[PDB]
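First the structure, in the form of structure tokens, and then the observations on it.
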Amino acid sequence: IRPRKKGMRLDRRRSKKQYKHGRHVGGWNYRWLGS
Amino acid sequence: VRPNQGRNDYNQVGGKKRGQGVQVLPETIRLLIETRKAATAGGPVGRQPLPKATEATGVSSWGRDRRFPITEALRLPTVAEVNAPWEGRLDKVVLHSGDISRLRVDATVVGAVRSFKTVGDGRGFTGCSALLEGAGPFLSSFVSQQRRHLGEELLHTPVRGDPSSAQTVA
Amino acid sequence: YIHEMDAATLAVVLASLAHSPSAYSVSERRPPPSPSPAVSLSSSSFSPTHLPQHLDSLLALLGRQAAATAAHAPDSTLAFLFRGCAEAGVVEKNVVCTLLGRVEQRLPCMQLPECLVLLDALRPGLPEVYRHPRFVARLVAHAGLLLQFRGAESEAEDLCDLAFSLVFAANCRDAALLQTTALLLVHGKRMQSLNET
Amino acid sequence: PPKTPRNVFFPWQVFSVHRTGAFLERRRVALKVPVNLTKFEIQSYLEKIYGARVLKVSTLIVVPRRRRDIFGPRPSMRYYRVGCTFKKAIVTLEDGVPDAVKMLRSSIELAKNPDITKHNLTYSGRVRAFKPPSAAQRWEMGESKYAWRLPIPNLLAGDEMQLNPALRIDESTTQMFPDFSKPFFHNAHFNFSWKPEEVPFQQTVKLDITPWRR
Amino acid sequence: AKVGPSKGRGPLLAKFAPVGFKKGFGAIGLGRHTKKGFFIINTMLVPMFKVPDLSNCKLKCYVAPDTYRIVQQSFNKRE
Amino acid sequence: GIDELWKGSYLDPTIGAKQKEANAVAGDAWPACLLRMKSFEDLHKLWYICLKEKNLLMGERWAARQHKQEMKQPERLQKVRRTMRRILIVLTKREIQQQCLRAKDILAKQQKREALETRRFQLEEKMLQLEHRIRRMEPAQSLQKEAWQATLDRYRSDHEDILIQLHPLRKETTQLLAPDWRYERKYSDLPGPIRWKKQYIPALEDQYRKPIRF
Amino acid sequence: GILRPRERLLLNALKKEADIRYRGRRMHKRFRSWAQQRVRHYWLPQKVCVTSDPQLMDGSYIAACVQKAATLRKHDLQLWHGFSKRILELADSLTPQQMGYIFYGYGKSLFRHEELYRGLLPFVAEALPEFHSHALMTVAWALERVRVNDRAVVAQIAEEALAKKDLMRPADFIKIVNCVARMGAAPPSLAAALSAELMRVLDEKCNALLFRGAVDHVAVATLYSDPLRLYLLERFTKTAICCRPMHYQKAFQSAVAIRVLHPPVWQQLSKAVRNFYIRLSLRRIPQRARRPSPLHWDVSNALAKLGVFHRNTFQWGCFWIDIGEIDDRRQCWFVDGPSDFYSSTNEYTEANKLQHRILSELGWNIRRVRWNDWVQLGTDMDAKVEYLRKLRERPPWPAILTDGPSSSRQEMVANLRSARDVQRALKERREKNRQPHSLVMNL
Amino acid sequence: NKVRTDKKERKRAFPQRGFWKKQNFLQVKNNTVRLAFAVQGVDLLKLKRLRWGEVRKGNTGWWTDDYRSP
Amino acid sequence: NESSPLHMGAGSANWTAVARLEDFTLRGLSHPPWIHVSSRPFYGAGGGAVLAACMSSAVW
Amino acid sequence: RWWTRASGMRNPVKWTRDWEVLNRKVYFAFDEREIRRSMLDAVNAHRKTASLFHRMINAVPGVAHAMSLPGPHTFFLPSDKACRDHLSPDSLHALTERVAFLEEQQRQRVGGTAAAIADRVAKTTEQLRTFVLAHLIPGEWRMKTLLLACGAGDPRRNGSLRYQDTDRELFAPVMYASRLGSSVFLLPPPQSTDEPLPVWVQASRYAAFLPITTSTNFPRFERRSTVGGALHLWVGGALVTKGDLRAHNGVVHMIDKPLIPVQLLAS
RNA sequence: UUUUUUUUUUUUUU
RNA sequence: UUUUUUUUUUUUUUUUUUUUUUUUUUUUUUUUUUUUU
RNA sequence: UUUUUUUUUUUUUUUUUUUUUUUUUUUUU
RNA sequence: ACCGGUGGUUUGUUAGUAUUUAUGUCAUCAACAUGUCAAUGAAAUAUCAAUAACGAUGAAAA
RNA sequence: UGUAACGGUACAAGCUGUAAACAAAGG
RNA sequence: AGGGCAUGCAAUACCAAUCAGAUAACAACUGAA
RNA sequence: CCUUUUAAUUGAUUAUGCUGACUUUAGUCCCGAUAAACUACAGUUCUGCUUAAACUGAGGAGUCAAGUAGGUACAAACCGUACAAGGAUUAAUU
């Protein structure tokens, strides 16, 4: 990433995209603790 | 010129950083003040036949108008009542959070200087300035005259462990 | 955060607590759908929520802060602060002294609009500490120079307020000053503004 | 590590002496401290707990080097380190300290003798040493070259010390006095940066840039 | 990778970087920076170490072995 | 002084091997049994004594590490660590006692506050209804108006008493709501700390301020 | 872009010059440091206004004001005198803390006004029991700076210090001692007790930083006993690293005076210790810039007119000489002044007497010239020449310096006032002669 | 590199005839160390040359035993 | 091909990678991935008083 | 926070080491240096020092226009002190009165007496213009230029300026125990004067003490101004305290004596 | 490319 | 002629800004309001 | 001697870092 | 019939199994390196005796 | 919640969080 | 769970038009998710 | 064992096939520009190049890399090494 390109992009943690998957060491079907 | 161009926030006119020594016009101040002032405009309601208690016992109070309120000492809760559950000892002690000056009491204890002079303030403790300001100008004259009249009397203290001497002094 | 306030903020804050404050002016958390009592805000016969006596703690702090903030306040805000402290009821002589001094310092730099608000602080019922003869003498002396050398700029409303202040607040007895004020209100070129005031 | 609060009632800092392979001065001791302490804090620790006299405190950061598991019959090829990150502190005490505490010793390797060799060696890859000017060497608070002959010092120095520099000249590393008339070097005996008046007049030579013009 | 934490290098440090990188190891402030590069130091922010008098203290780091038996013997009396 | 760091230890060059071995001996760690019976001052002094012993031990530890050898009598460290933990355990329980007590008192007061508040709430609504009814009929005189005035008069006192009674409780209740520097980890190190969460003040956030501390 | 060849050369040379210049500036800058320290544990929290009404002020207020003025260096006569006037009125309602502050302020400002010191002394004397370390130190420190000896009160101060030794600060204790020694008010017994307490104080609650402050040549040879002398001398050697030229000078002076006055004690020192001092003398010690005084210059002009060669200013090992003859180096003159004597009196100071005796011992034909005697002469040169000539034919001063006749504040004031106009008339006459005034324009 | 991570093992594969010997520099370094010990007055070379169980006090050797027949 | 730690850190670092439209599901040694790793196991026959399990939900 | 931040002493940039090339940059940075400020700027900068001159320049017209031309010029700015101590009281008072009169005339404008005022102003303006313009000299004459012109650099003429000594036994007895017991250069005439200006050089008092603190290599032989410098330049028997005030229009020198023309000089 | 008591602020310049 | 640097800060000038301010370190010197020049 | 801090000059954030921990009743000694 | 505790069955004897890291590239990206936590032996709480040989324990050894 | 860094432990693919392998005794 | 539990993952969202950052005076100023 | 069943994807000399081992070519090819001496009665071997001064009142005139490459027993191991105040006024002790 260059300065010009980087100055027009947001952080990945700013979105909900991080809580829409179940990828884990066990497999592709992750269940959260206390579910 | 760097690639900073094109952004709408590029060389913006006026900013937090830019403006660090600029004050609002008196117009705004005035407006605000007036607005706040003009929020409770209305006529009187209720009844007020008799004047509000604002003076010591005995002395009447009809002409002396006071803007500030006065709290009664005889109406406050005691420590025992405070600490009681829901349904000497601490039965005659009160711990009040307020202006000492603005309190109707029989007697008030004040810490004065050795010379007993009321110049600006006393020892500087909480409420001393309030007390001395509330007190009229004649306080100084009374204390001054008392000093002179007494004299020697003001240069002795009761002997430790001497209740008879304390009573005589009193 | 009393100690973080500026002069500007503090003046209005002071004024708020002095101009017949009401407890219903505060905000509500998820209030009922129906309107709040704040809509009317009329003269009540009682004190909602708490009594006025439960704010001296805060008052003290306010005054202290004012004391500190006095030195970095423009001329315009200085007088407002001055009046707000007296209105509030700042009794602290040590606090008042510094204020007085700064006021004295900045006096000559002021004008009639900043002098009327100053004079408002000497109204009856306020603490007698602010009524320093050395202060009032300089104030009433300075007003005369303004009326003598800048009388064409004063407005009818300003002159009317000054007439009340010089008679009921300052308790002055200067027949020459009173006559000058009276003449500059009916004989000056101010008929248009006098009819619309 | 955790930050130190204003009022410390139960300090957890642990102080220890570090045995260094280099040479140390008499009035200098090497300690091992955390990496989260200041000069002042270090000073106060010793001043209050131990109550030792302190003049100066120097600090350095020590980071272990990288290592690789390559040896053995079954190497892993994995990276690692030996020791831990710390602060090498050096305290300049008032009193003297024995070398047998601060400096290491070994008879197997006769070359490892920092106490005996003193600063003659560098104990590192320093081919050329560095030594700034000394206090005595400097102008301010420096020894005078002409104060020896003064009346006042001699008074103090009564049958106790000879201030004459001519009585302390090495004979095995000094040459005889040459004749001024005859050519001679400047550095032989002239320990200064000004031409003595005794020396006869010297001529000046100017380089010719365009001799062909003649 | 040639550059970065991939060969046991670890996090970047002042030592292993060009001149100008600002990175400490955890400390407490003792002043502020001026407008000319100077630094005014304040003695107010320095911590205070409190230590009681140890000139006459009977206590020691360890406990005598004989203490165990004496403490134990007291228990049996309560029976 | 500084000597304490190595005095009596293996590092000491002014003693023989037999003296070092005799010195090496140690007893049992201080148990909670004994540590509970002591006062604050005794535990405070024992903390510094244990810290001095740990500082002395560490040196030997490191010394041994240098030569790749095990330190003589390694249990000392363990002992000291156990004693240091037990002292703080004691102190922390001592503190928790008081914390509990405080909690209890606040819960005691809450209950009366509640009821008082409720009553005041009701009385304010009734007074507002009476004032509106009085205001609706200003340009007219009747018996009803007098009746309402009387009832409002009654309720005024009935309400003021409540506030007089209420004042003390509100202050007390709102104790821990505000921060206390005394209880902060920054300004203190005693057991039983208190932490608070930062607020968002627009008046402050909208202002340009440098990260300065003086 | 691109630049013209002509311009390129000039810009590069200019740039180079810049580098050279920058290299050439930090030469003498040796002792500088980016980091610095500022004392802040003395300012008051409360806010005050110096420019306020003195009448509305109180003890607390005035106390604060005085110190703030001093710190801000707002030297105003009109301002200070009002403070003094209000202080005199409020003298009977001053706390020990406030008094100390007042004193410190006055002293720091160097506000020479005896009228206030003399009025505030008695109240201090009564409140001595309630006094503290800070107050006690500030009183004496101010007094010393303003040069107003009070043996009646200073002694009492010392005694109270000794009584409260268990609560006092090492620094304040040291300063008290120093002050006492300079003022010369400690009998033998007091001196002894002070010394005994000082030794323990120094050896128990003193560091390198704090120890340096205990070094004083005037004090060492007049207050300190042999046991403390030896310990001081020995510890100085060890603590020398953490020192300044100001302490170095004092140390050297101490050494010299000890050698000159107390041979026994000197010999009692160790070889190592001795060597230190021996070597010390050989080093170049920095000194502040000095120049002749107007009195000095007038005396020098009179002397030169008399027909005698001499010098203006010069150093001689460890002591400065006002005047030194070239024909006979042995001879020397000293021009005194108001500061050379205590306030309202003509008594010489301890440092002046010690320096006089040290040189007299060393064999210096020392003569002294007073200012009150000199002023009387007016602006006449023949009278001054004859005055000087009559002095020259007479023998020198004795080893032991004596004090002059009695004086008074009135007389002092008178003299000062008188001299004020002389120093101005002489300057005017001097300056007028330099103007040729030859050129005449037609116009 | 001590870590053994660079491509410095490539050249070593091929055979070589010989390598340089920094005798000049080494000699100097040794001399400096020898001097630094000599000023104190301890012989390093002697100790680095003496036979395992050999005792030679001072500047002594085989030559010493020649004249010392008795 | 030059070596530039500044460039490397300004374009390929921890804070620079997060701004990349890449497949973050892949495990990364020197990166902040978003793959879940199942934590500490069940409890056998140890002391019940010393089994740790939570922290950010329990901090007080 | 970049590739490199080192500055000052630690300059990352590489500079030439050759003394031959370095010797050429000093000439360009000292002699061929350009200046933006004008002569008037320089003059004004020292308004405090020369108030009389500063005021006359701006008071009498013509001088301001004359002293703004592109051609090279040389100016002398006498000091107030010099003026005061040289000029007689009557002449000084008369000059100040006329300057004040012109200033008052201009103030009246901006804000037979009528006929007499015109004659008075016409005469006073010409007199002051004549007085003022006398100092101005065509061409650029530098301090070094003058010094060299005066034969300061000629070995055959430097005999009285190089070898200087004083009695060292009287000023440094401790360091000496064995002893105990030029030509006139003519300048172009001024703008308002035909007579040339003579210039010469003299040896300073300070120059006679260099050998005591410097290494000297002399061969075998067979009131005093307090201003600094080894050499003193006298331009028409006015000493120069400051000089080399280079500008866009020329040079300015401060002299310790006001030059007055013969036309103004009395009989 | 700012050098030694810290901030705010106006004109000129080697 | 292909038509070239200036803001933080230093110096100077002009002033009614402010403990966000220079050791409670130290030396020297004839010296300062109003009812002593 | 540098780095740090103002300007050039940029949340064009160099993870586990800072003059940066809740923002002055600070007990002035 | 919710809710707590205990036990068993199925998924699953027929199916499967992943967590640490050396190496490539500027980056995206790609990738199953190197037997086991392990001398051997059911048991080492059986590995004794030592100088060559003959001797001890063990199913088996030097 | 899930993970990375530093420190301790025997420097380790475990454990652990400067109180860094435990308080078990409140009359 | 008796006690203790440094630091980093850029967090006023247990709420609230959109558009950089410690989440932007109007307008300029725009939009398939 | 016999008999019934099997969705095993169930069958090998060969796709320059994928993943490994081990032969032949094959004791073949590959070896960088300059060395020598250390004795049985004293000493200075030859050659290539030529910035090798470390207080003289002045921090050796700079940047960058080495993710610590001129420390250490004829060690590719272990153990050490970065002080801007120069600590040794260590001119003393023995």
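Chains as they are written, first to last, in the deposited numbering: chain UD, 168 to 202; chain LC, 104 to 190, 232 to 314; chain Lq, 166 to 362; chain La, 12 to 225; chain LI, 12 to 90; chain Lg, 22 to 235; chain LJ, 2 to 444; chain LQ, 348 to 417; chain Ln, 130 to 189; chain LE, 367 to 477, 491 to 560, 595 to 635, 660 to 704. Beta carbons: idealized from backbone N, C-alpha and C, even for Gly.
- In this structure, LJ:393 is the residue among LJ:393, LJ:115, LJ:381, LJ:212 with its C-alpha nearest to the C-alpha of residue 308 of chain LJ.
- In the DSSP annotation of this structure, the continuous segment of the alpha helix (DSSP H) that includes residue 81 of chain LJ starts and ends at 78-90.
- A check of alpha carbon separations from residue 204 of chain Lq across Lq:182, Lq:181, Lq:187 identifies Lq:187 as the nearest.
- Contact note: residue 104 of chain La reaches chain Lg through 23, using a C-beta cutoff of 7 Å and chain order.
- Comparing C-alpha distances from residue 88 of chain La to each of La:55, La:79, La:210, La:115 shows the shortest one belongs to La:79.
- By the Cβ neighbour-count rule, residue 177 of chain Ln is exposed, with fewer than 16 other Cβ atoms within 10 Å of its own.
- Spanning the alpha carbons of residue 550 of chain LE and residue 536 of chain LE requires a straight line of approximately 30 Å.
- Sequence-distant partners of residue 210 of chain LJ (beyond 5 residues in either direction) whose C-beta falls short of 8 Å from its own C-beta, in its chain, are 243.
- The beta carbon of residue 75 of chain La sits no closer than 8 Å to any beta carbon of chain LI.
- With respect to the C-alpha of residue 69 of chain Lg, the residue from LI:56, LI:55, LI:57, LI:64 having the closest C-alpha is LI:64.
- Cβ atoms of residue 229 of chain Lq and residue 260 of chain Lq come within 8 Å of each other, at about 7 Å.
- Neighbourhood of residue 153 of chain La in chain LJ, by CB distance below 7 Å: 284, 285, in chain order.
- At a cut-off of 8 Å between beta-carbon atoms, residue 213 of chain Lq makes contact with chain Lg.
- Contact residues of the segment 91-105 of chain LJ toward chain LC are 91, 93, 94 (C-beta to C-beta distance below 8 Å).
- Sequence-ordered contacts of the segment 16-45 of chain LI with chain LE read 29, 30, 31, 32, 33 [C-beta pairs closer than 8 Å].
- At a cut-off of 8 Å between beta carbons, residue 318 of chain LJ contacts chain La.
- Note that the C-beta distance between residue 261 of chain LJ and residue 326 of chain LJ is not below 8 Å.
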